[PDB]
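Working notes, structure below.
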Amino acid sequence: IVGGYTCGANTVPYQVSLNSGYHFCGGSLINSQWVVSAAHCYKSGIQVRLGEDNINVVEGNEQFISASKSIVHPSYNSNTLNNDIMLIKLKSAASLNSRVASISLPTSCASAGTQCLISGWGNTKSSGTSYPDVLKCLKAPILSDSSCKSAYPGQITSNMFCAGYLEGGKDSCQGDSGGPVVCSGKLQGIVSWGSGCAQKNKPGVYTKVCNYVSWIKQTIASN
Amino acid sequence: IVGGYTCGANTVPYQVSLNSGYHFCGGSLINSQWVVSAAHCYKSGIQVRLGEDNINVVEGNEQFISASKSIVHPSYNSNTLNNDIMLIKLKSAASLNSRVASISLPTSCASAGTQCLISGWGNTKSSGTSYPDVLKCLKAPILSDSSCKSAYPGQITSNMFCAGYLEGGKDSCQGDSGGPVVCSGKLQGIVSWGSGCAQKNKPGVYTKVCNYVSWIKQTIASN
Amino acid sequence: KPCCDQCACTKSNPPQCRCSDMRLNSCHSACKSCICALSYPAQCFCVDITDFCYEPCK
């Protein structure tokens, strides 16, 4: 997160960190046994880290659970990044509490202009490199489709939306992928891709969650 | 056309050559005043050449007419090549006759396995370079969508189809763009793109004409 | 540096070619349109169009 603020420990209790010897992506706890991340975040031998704040220090609110299975969306297209969503089942159920809660799934699509919350342990620089150890937050609005398409001509699909600032300065970045875009207490997006970070006229591109609720629900019920 | 045969003069009377000091693309005469080509073939100061066989020799059946206007499809995406279609209005009406006729537009989509005719003045080599001066023909079938998508994962849209041979050896090539894909006396495709020419498992990709009939009809009526 | 396995081209004279290769961390110091993912490590694609592409890699 570029140009954001320090969330504060356990202020985003549905936020998870995906670890494979190091943090490589984010995710969101949707229930006690399932996390939703980005399909491009797929990898094997993943451990899920809950209740985290400083990912480099055990502060005592954490739960570390291995994934038992991962299911990438049947139509994920790694070339255009269409359908950038994946489901991960925990080896054992998380213990939900104050610092460790799930996030509600949308029942409808959010509209342009709506203010959302984006969080991650991603790079903190548009140019350069500086990774935070603590969770960073950003408030940003959903840009109109027409604005989205003017920014990335020929690349935005119906399962994507842009959020952020056309002037740049504030945005999600490398290390934030898989993480949540939350609006009106619902998970509406998933950090996906972009052109650099926080660049002028190059806002962030997110997975349009609302278009997947059914597949989510069905998938979870059968596994 | 790679691995095709010499059509024979005026055997494909709806075939046009697009000239800008040289042949750069093909097209199809759909009526006396309008040609349909590929949107990627757009350029200004175009002359249309009808009744052609040897494009380097005036054999006396030709009609050379300047375009008066060109209209690229409102949603042409030059990045993915979706909606690769464009309409060109002739400065004056062509004189239709035996060697110079229009081709009928489809009333429905053709099905996989159907045999079509592809023609062009394109490169004749998969590797190398050799341009013909006379019109070349190829008979090739429409590949199933599933076959199409296995070939070019993540790139085929609903407004595209593959035609040709998975084993390779026979295909359309550079210089053939804009030209016709004709099946059961209807224009079903437009030579568009591919990965090399006549490569194994890399058949040709065509514009699915059937999906544009209405826009065609309406556009022509208002200009 | 610039090279290209998966390459896609229009069948025009000349062709407008692009590379459908997905590289890691960045995009060539010979690329004008580099788009990457926000994970670590990032996956990028160079969407520039050119009257040709580059040669294989490896």
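Just remember, in the structure tokens the first chain shown is A, the second B, etc., residues are 1-based per chain, and ligands are 1-based in the order shown.
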Exercise for the section: Up to 6 Å from chain A, what residues of chain B turn up? Count only C-alpha atoms and give them as a PyMOL selection string. Expected result: chain B and resi 77+79+154
What would chain B look like once superposed on chain A, with the fit done by least squares over all C-alpha atoms paired in order? Give it as a PDB file with C-alpha atoms, in the first residue's frame.
```pdb
ATOM      1  CA  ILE B   1       0.000   0.000   0.000  1.00  0.00           C
ATOM      2  CA  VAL B   2       1.409   3.338  -1.287  1.00  0.00           C
ATOM      3  CA  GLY B   3       0.247   6.476   0.451  1.00  0.00           C
ATOM      4  CA  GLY B   4      -1.836   4.613   3.038  1.00  0.00           C
ATOM      5  CA  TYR B   5      -1.782   4.532   6.913  1.00  0.00           C
ATOM      6  CA  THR B   6      -1.031   1.930   9.623  1.00  0.00           C
ATOM      7  CA  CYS B   7      -4.218   0.139  10.203  1.00  0.00           C
ATOM      8  CA  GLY B   8      -3.555  -0.631  13.849  1.00  0.00           C
ATOM      9  CA  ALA B   9      -3.272  -4.156  15.214  1.00  0.00           C
ATOM     10  CA  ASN B  10      -6.255  -6.408  14.559  1.00  0.00           C
ATOM     11  CA  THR B  11      -8.373  -3.560  13.137  1.00  0.00           C
ATOM     12  CA  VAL B  12      -8.824  -5.723  10.030  1.00  0.00           C
ATOM     13  CA  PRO B  13      -9.534  -9.115  11.575  1.00  0.00           C
ATOM     14  CA  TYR B  14     -10.440 -10.850   8.261  1.00  0.00           C
ATOM     15  CA  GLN B  15      -7.137 -10.071   6.737  1.00  0.00           C
ATOM     16  CA  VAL B  16      -4.829 -13.016   6.282  1.00  0.00           C
ATOM     17  CA  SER B  17      -1.197 -13.302   5.241  1.00  0.00           C
ATOM     18  CA  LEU B  18      -0.220 -16.208   2.884  1.00  0.00           C
ATOM     19  CA  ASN B  19       3.153 -17.678   3.831  1.00  0.00           C
ATOM     20  CA  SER B  20       5.512 -19.979   2.092  1.00  0.00           C
ATOM     21  CA  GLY B  21       8.650 -19.281   4.124  1.00  0.00           C
ATOM     22  CA  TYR B  22       7.750 -15.644   3.636  1.00  0.00           C
ATOM     23  CA  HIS B  23       4.594 -13.537   2.987  1.00  0.00           C
ATOM     24  CA  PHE B  24       3.823 -13.523  -0.703  1.00  0.00           C
ATOM     25  CA  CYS B  25       0.197 -12.574  -0.874  1.00  0.00           C
ATOM     26  CA  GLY B  26      -2.851 -11.584   1.149  1.00  0.00           C
ATOM     27  CA  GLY B  27      -6.257 -13.151   1.462  1.00  0.00           C
ATOM     28  CA  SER B  28      -9.607 -12.821   3.357  1.00  0.00           C
ATOM     29  CA  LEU B  29     -11.231 -15.178   5.833  1.00  0.00           C
ATOM     30  CA  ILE B  30     -14.744 -15.775   4.653  1.00  0.00           C
ATOM     31  CA  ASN B  31     -15.586 -18.401   7.213  1.00  0.00           C
ATOM     32  CA  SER B  32     -13.867 -20.578   9.813  1.00  0.00           C
ATOM     33  CA  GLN B  33     -12.322 -22.906   7.214  1.00  0.00           C
ATOM     34  CA  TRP B  34     -11.999 -20.986   3.962  1.00  0.00           C
ATOM     35  CA  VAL B  35      -9.970 -18.076   2.700  1.00  0.00           C
ATOM     36  CA  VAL B  36     -10.366 -16.236  -0.651  1.00  0.00           C
ATOM     37  CA  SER B  37      -7.268 -14.974  -2.440  1.00  0.00           C
ATOM     38  CA  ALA B  38      -6.162 -14.173  -6.046  1.00  0.00           C
ATOM     39  CA  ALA B  39      -5.780 -17.000  -8.478  1.00  0.00           C
ATOM     40  CA  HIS B  40      -2.359 -15.647  -9.469  1.00  0.00           C
ATOM     41  CA  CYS B  41      -1.387 -16.243  -5.902  1.00  0.00           C
ATOM     42  CA  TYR B  42      -1.639 -20.016  -6.398  1.00  0.00           C
ATOM     43  CA  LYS B  43       1.194 -22.082  -5.068  1.00  0.00           C
ATOM     44  CA  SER B  44       1.614 -25.293  -3.138  1.00  0.00           C
ATOM     45  CA  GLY B  45       2.617 -25.735   0.463  1.00  0.00           C
ATOM     46  CA  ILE B  46       0.955 -22.705   1.773  1.00  0.00           C
ATOM     47  CA  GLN B  47       0.464 -21.752   5.417  1.00  0.00           C
ATOM     48  CA  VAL B  48      -2.234 -19.271   6.393  1.00  0.00           C
ATOM     49  CA  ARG B  49      -1.484 -16.685   9.050  1.00  0.00           C
ATOM     50  CA  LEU B  50      -4.344 -15.217  10.989  1.00  0.00           C
ATOM     51  CA  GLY B  51      -4.509 -12.597  13.680  1.00  0.00           C
ATOM     52  CA  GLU B  52      -1.295 -11.081  12.299  1.00  0.00           C
ATOM     53  CA  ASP B  53      -0.025  -7.496  12.711  1.00  0.00           C
ATOM     54  CA  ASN B  54       3.694  -7.480  12.577  1.00  0.00           C
ATOM     55  CA  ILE B  55       4.343 -10.402  10.344  1.00  0.00           C
ATOM     56  CA  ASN B  56       7.971 -10.632  11.622  1.00  0.00           C
ATOM     57  CA  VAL B  57       7.078 -10.843  15.353  1.00  0.00           C
ATOM     58  CA  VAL B  58       4.884 -13.352  17.257  1.00  0.00           C
ATOM     59  CA  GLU B  59       2.664 -11.062  19.282  1.00  0.00           C
ATOM     60  CA  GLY B  60       0.344 -13.819  20.553  1.00  0.00           C
ATOM     61  CA  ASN B  61      -2.936 -13.411  18.695  1.00  0.00           C
ATOM     62  CA  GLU B  62      -1.899 -15.478  15.757  1.00  0.00           C
ATOM     63  CA  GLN B  63      -3.231 -18.738  14.464  1.00  0.00           C
ATOM     64  CA  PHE B  64      -1.059 -20.535  11.839  1.00  0.00           C
ATOM     65  CA  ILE B  65      -2.990 -23.133   9.811  1.00  0.00           C
ATOM     66  CA  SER B  66      -1.949 -25.056   6.767  1.00  0.00           C
ATOM     67  CA  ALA B  67      -4.110 -25.182   3.719  1.00  0.00           C
ATOM     68  CA  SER B  68      -5.621 -28.575   3.070  1.00  0.00           C
ATOM     69  CA  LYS B  69      -6.749 -27.729  -0.544  1.00  0.00           C
ATOM     70  CA  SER B  70      -6.760 -24.852  -3.035  1.00  0.00           C
ATOM     71  CA  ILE B  71      -9.169 -24.344  -5.867  1.00  0.00           C
ATOM     72  CA  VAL B  72      -8.477 -21.859  -8.577  1.00  0.00           C
ATOM     73  CA  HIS B  73     -11.532 -20.526 -10.469  1.00  0.00           C
ATOM     74  CA  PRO B  74     -12.389 -22.832 -13.381  1.00  0.00           C
ATOM     75  CA  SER B  75     -11.945 -19.969 -15.891  1.00  0.00           C
ATOM     76  CA  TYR B  76      -8.991 -18.168 -14.566  1.00  0.00           C
ATOM     77  CA  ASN B  77      -7.084 -16.755 -17.485  1.00  0.00           C
ATOM     78  CA  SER B  78      -3.501 -16.012 -16.498  1.00  0.00           C
ATOM     79  CA  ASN B  79      -2.927 -14.025 -19.616  1.00  0.00           C
ATOM     80  CA  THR B  80      -5.603 -11.409 -19.131  1.00  0.00           C
ATOM     81  CA  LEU B  81      -6.178 -12.101 -15.459  1.00  0.00           C
ATOM     82  CA  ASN B  82      -9.834 -12.606 -15.961  1.00  0.00           C
ATOM     83  CA  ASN B  83     -11.515 -14.497 -13.135  1.00  0.00           C
ATOM     84  CA  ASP B  84      -8.637 -13.822 -10.708  1.00  0.00           C
ATOM     85  CA  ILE B  85     -10.016 -15.650  -7.734  1.00  0.00           C
ATOM     86  CA  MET B  86      -9.166 -18.755  -5.764  1.00  0.00           C
ATOM     87  CA  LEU B  87     -10.505 -20.583  -2.651  1.00  0.00           C
ATOM     88  CA  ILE B  88      -8.293 -22.168   0.078  1.00  0.00           C
ATOM     89  CA  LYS B  89      -9.487 -24.601   2.686  1.00  0.00           C
ATOM     90  CA  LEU B  90      -7.809 -24.597   6.070  1.00  0.00           C
ATOM     91  CA  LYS B  91      -6.452 -27.829   7.584  1.00  0.00           C
ATOM     92  CA  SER B  92      -8.491 -27.099  10.715  1.00  0.00           C
ATOM     93  CA  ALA B  93     -11.013 -24.510  11.673  1.00  0.00           C
ATOM     94  CA  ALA B  94      -9.884 -21.203  12.842  1.00  0.00           C
ATOM     95  CA  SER B  95     -10.973 -19.981  16.270  1.00  0.00           C
ATOM     96  CA  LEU B  96     -12.933 -16.848  15.626  1.00  0.00           C
ATOM     97  CA  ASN B  97     -12.794 -14.034  18.026  1.00  0.00           C
ATOM     98  CA  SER B  98     -12.186 -10.308  18.289  1.00  0.00           C
ATOM     99  CA  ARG B  99      -8.978 -10.234  16.256  1.00  0.00           C
ATOM    100  CA  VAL B 100      -9.903 -13.057  14.037  1.00  0.00           C
ATOM    101  CA  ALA B 101     -13.146 -12.766  12.118  1.00  0.00           C
ATOM    102  CA  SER B 102     -14.546 -13.448   8.751  1.00  0.00           C
ATOM    103  CA  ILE B 103     -15.850 -10.950   6.264  1.00  0.00           C
ATOM    104  CA  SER B 104     -19.284 -10.956   4.715  1.00  0.00           C
ATOM    105  CA  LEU B 105     -19.653 -11.646   0.980  1.00  0.00           C
ATOM    106  CA  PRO B 106     -21.584  -9.141  -1.182  1.00  0.00           C
ATOM    107  CA  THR B 107     -25.176  -9.540  -2.152  1.00  0.00           C
ATOM    108  CA  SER B 108     -24.874  -7.023  -4.876  1.00  0.00           C
ATOM    109  CA  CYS B 109     -22.341  -5.019  -6.770  1.00  0.00           C
ATOM    110  CA  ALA B 110     -21.032  -1.815  -5.316  1.00  0.00           C
ATOM    111  CA  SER B 111     -21.353   1.349  -7.350  1.00  0.00           C
ATOM    112  CA  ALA B 112     -18.851   3.819  -8.650  1.00  0.00           C
ATOM    113  CA  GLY B 113     -17.809   6.459  -6.123  1.00  0.00           C
ATOM    114  CA  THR B 114     -18.238   4.146  -3.102  1.00  0.00           C
ATOM    115  CA  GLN B 115     -15.501   4.343  -0.502  1.00  0.00           C
ATOM    116  CA  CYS B 116     -13.641   1.113   0.252  1.00  0.00           C
ATOM    117  CA  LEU B 117     -10.920  -0.100   2.471  1.00  0.00           C
ATOM    118  CA  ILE B 118      -7.831  -1.822   1.053  1.00  0.00           C
ATOM    119  CA  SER B 119      -5.126  -3.344   3.265  1.00  0.00           C
ATOM    120  CA  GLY B 120      -1.899  -5.205   2.868  1.00  0.00           C
ATOM    121  CA  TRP B 121       1.678  -5.865   3.763  1.00  0.00           C
ATOM    122  CA  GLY B 122       2.743  -4.717   0.232  1.00  0.00           C
ATOM    123  CA  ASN B 123       5.442  -2.336  -1.010  1.00  0.00           C
ATOM    124  CA  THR B 124       5.159   1.144   0.313  1.00  0.00           C
ATOM    125  CA  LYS B 125       6.885   2.920  -2.632  1.00  0.00           C
ATOM    126  CA  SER B 126       5.733   3.755  -6.193  1.00  0.00           C
ATOM    127  CA  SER B 127       9.362   4.016  -7.080  1.00  0.00           C
ATOM    128  CA  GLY B 128      11.759   2.047  -4.959  1.00  0.00           C
ATOM    129  CA  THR B 129      11.304  -0.674  -2.402  1.00  0.00           C
ATOM    130  CA  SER B 130      10.214  -0.689   1.096  1.00  0.00           C
ATOM    131  CA  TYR B 131       8.197  -3.317   2.727  1.00  0.00           C
ATOM    132  CA  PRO B 132       6.302  -2.683   5.926  1.00  0.00           C
ATOM    133  CA  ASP B 133       6.176  -5.247   8.709  1.00  0.00           C
ATOM    134  CA  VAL B 134       2.862  -4.018   9.963  1.00  0.00           C
ATOM    135  CA  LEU B 135      -0.544  -3.857   8.166  1.00  0.00           C
ATOM    136  CA  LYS B 136      -1.243  -0.732   6.090  1.00  0.00           C
ATOM    137  CA  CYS B 137      -4.669   0.648   5.195  1.00  0.00           C
ATOM    138  CA  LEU B 138      -6.032   2.835   2.351  1.00  0.00           C
ATOM    139  CA  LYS B 139      -9.424   4.451   1.748  1.00  0.00           C
ATOM    140  CA  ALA B 140     -10.273   4.669  -1.935  1.00  0.00           C
ATOM    141  CA  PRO B 141     -13.164   4.949  -4.189  1.00  0.00           C
ATOM    142  CA  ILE B 142     -14.491   2.805  -6.977  1.00  0.00           C
ATOM    143  CA  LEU B 143     -13.843   4.495 -10.331  1.00  0.00           C
ATOM    144  CA  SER B 144     -16.472   4.350 -13.123  1.00  0.00           C
ATOM    145  CA  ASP B 145     -16.075   1.684 -15.728  1.00  0.00           C
ATOM    146  CA  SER B 146     -15.584   4.294 -18.411  1.00  0.00           C
ATOM    147  CA  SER B 147     -12.757   5.771 -16.315  1.00  0.00           C
ATOM    148  CA  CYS B 148     -11.363   2.267 -15.791  1.00  0.00           C
ATOM    149  CA  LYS B 149     -11.398   1.538 -19.511  1.00  0.00           C
ATOM    150  CA  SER B 150      -9.834   4.881 -20.417  1.00  0.00           C
ATOM    151  CA  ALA B 151      -6.895   4.026 -18.124  1.00  0.00           C
ATOM    152  CA  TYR B 152      -6.370   0.495 -19.509  1.00  0.00           C
ATOM    153  CA  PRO B 153      -7.786   0.391 -22.927  1.00  0.00           C
ATOM    154  CA  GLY B 154      -8.561  -3.041 -24.149  1.00  0.00           C
ATOM    155  CA  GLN B 155      -7.865  -4.741 -20.737  1.00  0.00           C
ATOM    156  CA  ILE B 156     -10.692  -4.313 -18.384  1.00  0.00           C
ATOM    157  CA  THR B 157     -13.287  -7.074 -18.315  1.00  0.00           C
ATOM    158  CA  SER B 158     -16.676  -7.241 -16.664  1.00  0.00           C
ATOM    159  CA  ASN B 159     -15.082  -9.105 -13.823  1.00  0.00           C
ATOM    160  CA  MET B 160     -12.817  -6.269 -12.974  1.00  0.00           C
ATOM    161  CA  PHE B 161     -13.088  -2.730 -11.594  1.00  0.00           C
ATOM    162  CA  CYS B 162     -10.676   0.119 -10.834  1.00  0.00           C
ATOM    163  CA  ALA B 163     -10.385   1.791  -7.436  1.00  0.00           C
ATOM    164  CA  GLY B 164      -8.077   4.586  -6.448  1.00  0.00           C
ATOM    165  CA  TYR B 165      -6.925   8.004  -7.810  1.00  0.00           C
ATOM    166  CA  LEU B 166      -6.332   9.097 -11.336  1.00  0.00           C
ATOM    167  CA  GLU B 167      -3.828  11.665 -10.068  1.00  0.00           C
ATOM    168  CA  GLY B 168      -1.878   8.795  -8.500  1.00  0.00           C
ATOM    169  CA  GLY B 169      -0.029   8.866  -5.166  1.00  0.00           C
ATOM    170  CA  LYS B 170      -2.166   6.347  -3.400  1.00  0.00           C
ATOM    171  CA  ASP B 171      -2.572   2.720  -4.407  1.00  0.00           C
ATOM    172  CA  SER B 172      -2.129  -1.005  -3.680  1.00  0.00           C
ATOM    173  CA  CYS B 173       1.300  -2.522  -4.692  1.00  0.00           C
ATOM    174  CA  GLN B 174       3.431  -5.653  -4.911  1.00  0.00           C
ATOM    175  CA  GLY B 175       2.817  -7.872  -1.882  1.00  0.00           C
ATOM    176  CA  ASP B 176      -0.745  -6.662  -1.552  1.00  0.00           C
ATOM    177  CA  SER B 177      -2.191  -9.182  -4.066  1.00  0.00           C
ATOM    178  CA  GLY B 178      -4.986 -11.441  -2.838  1.00  0.00           C
ATOM    179  CA  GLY B 179      -5.982  -8.947  -0.167  1.00  0.00           C
ATOM    180  CA  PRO B 180      -9.365  -7.411   0.501  1.00  0.00           C
ATOM    181  CA  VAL B 181     -11.271  -4.421  -0.953  1.00  0.00           C
ATOM    182  CA  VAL B 182     -13.998  -3.800   1.564  1.00  0.00           C
ATOM    183  CA  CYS B 183     -17.037  -1.588   1.124  1.00  0.00           C
ATOM    184  CA  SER B 184     -20.021  -1.166   3.420  1.00  0.00           C
ATOM    185  CA  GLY B 185     -18.906  -4.125   5.440  1.00  0.00           C
ATOM    186  CA  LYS B 186     -18.737  -6.446   2.433  1.00  0.00           C
ATOM    187  CA  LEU B 187     -15.917  -7.940   0.477  1.00  0.00           C
ATOM    188  CA  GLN B 188     -16.256  -6.365  -2.949  1.00  0.00           C
ATOM    189  CA  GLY B 189     -12.774  -6.746  -4.432  1.00  0.00           C
ATOM    190  CA  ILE B 190      -9.475  -8.585  -4.402  1.00  0.00           C
ATOM    191  CA  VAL B 191      -6.156  -6.846  -5.075  1.00  0.00           C
ATOM    192  CA  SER B 192      -5.126  -7.987  -8.523  1.00  0.00           C
ATOM    193  CA  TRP B 193      -2.949  -6.021 -10.993  1.00  0.00           C
ATOM    194  CA  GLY B 194      -1.870  -2.664 -12.316  1.00  0.00           C
ATOM    195  CA  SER B 195       0.689  -0.698 -14.243  1.00  0.00           C
ATOM    196  CA  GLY B 196       3.418   0.202 -11.713  1.00  0.00           C
ATOM    197  CA  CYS B 197       2.126   1.527  -8.419  1.00  0.00           C
ATOM    198  CA  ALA B 198       0.381   4.730  -7.612  1.00  0.00           C
ATOM    199  CA  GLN B 199       1.134   5.997 -11.136  1.00  0.00           C
ATOM    200  CA  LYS B 200      -0.752   8.882 -12.737  1.00  0.00           C
ATOM    201  CA  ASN B 201      -3.753   7.560 -14.643  1.00  0.00           C
ATOM    202  CA  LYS B 202      -2.827   4.026 -13.651  1.00  0.00           C
ATOM    203  CA  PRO B 203      -5.121   3.088 -10.784  1.00  0.00           C
ATOM    204  CA  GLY B 204      -5.452  -0.337  -9.372  1.00  0.00           C
ATOM    205  CA  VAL B 205      -7.376  -3.176 -10.935  1.00  0.00           C
ATOM    206  CA  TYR B 206      -9.469  -5.501  -8.732  1.00  0.00           C
ATOM    207  CA  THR B 207     -11.427  -8.680  -8.941  1.00  0.00           C
ATOM    208  CA  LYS B 208     -15.155  -8.066  -9.040  1.00  0.00           C
ATOM    209  CA  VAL B 209     -16.229 -10.374  -6.248  1.00  0.00           C
ATOM    210  CA  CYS B 210     -19.864  -9.835  -6.618  1.00  0.00           C
ATOM    211  CA  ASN B 211     -19.743 -11.787  -9.837  1.00  0.00           C
ATOM    212  CA  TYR B 212     -18.579 -14.967  -7.967  1.00  0.00           C
ATOM    213  CA  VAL B 213     -20.781 -15.411  -4.995  1.00  0.00           C
ATOM    214  CA  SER B 214     -22.580 -18.374  -6.382  1.00  0.00           C
ATOM    215  CA  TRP B 215     -19.503 -20.312  -7.395  1.00  0.00           C
ATOM    216  CA  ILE B 216     -18.128 -19.514  -3.977  1.00  0.00           C
ATOM    217  CA  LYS B 217     -21.161 -20.801  -2.134  1.00  0.00           C
ATOM    218  CA  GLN B 218     -21.439 -23.882  -4.210  1.00  0.00           C
ATOM    219  CA  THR B 219     -17.801 -24.775  -4.034  1.00  0.00           C
ATOM    220  CA  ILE B 220     -17.556 -24.457  -0.327  1.00  0.00           C
ATOM    221  CA  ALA B 221     -20.664 -26.628   0.202  1.00  0.00           C
ATOM    222  CA  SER B 222     -19.140 -29.524  -1.770  1.00  0.00           C
ATOM    223  CA  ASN B 223     -15.701 -29.684  -0.416  1.00  0.00           C
TER     224      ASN B 223
END
```
Practice task
Determine which residues of chain C sit within 9 Å of chain B, taking into account only C-alpha atoms, and present them as a PyMOL selection string.
Solution key: chain C and resi 6-16+18+47-49
Practice task
Output as a VMD selection string all residues of chain B that backbone DSSP marks as helix (DSSP H, G or I).
Solution key: chain B and resid 39 to 41 145 to 151 209 to 211 213 to 222
Fill in the blank from the handout: From atom CA of residue 33 of chain C to atom CA of residue 5 of chain C the spacing works out at 17.8 Å
Practice task
Fewer than 6 positions away in the same chain doesn't count, so skip those; otherwise give me all residues within 8 Å of segment 25-27 of chain C, counting only C-alpha atoms, as a list in words.
Solution key: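 Non-adjacent residues within range: residues 34, 35, 36, 41, 42, 43, 44, 45 and 46 of chain C.
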Exercise for the section: Could you give me, as a list in words, each residue of segment 119-196 of chain A that DSSP assigns to strand (DSSP E or B) when run on this structure's backbone? Expected result: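 DSSP on the backbone gives strand (DSSP E or B) at residues 119, 120, 136, 137, 138, 139, 140, 141, 142, 160, 161, 162, 163, 171, 180, 181, 182, 183, 186, 187, 188, 189, 190, 191, 192, 193 and 194 of chain A.
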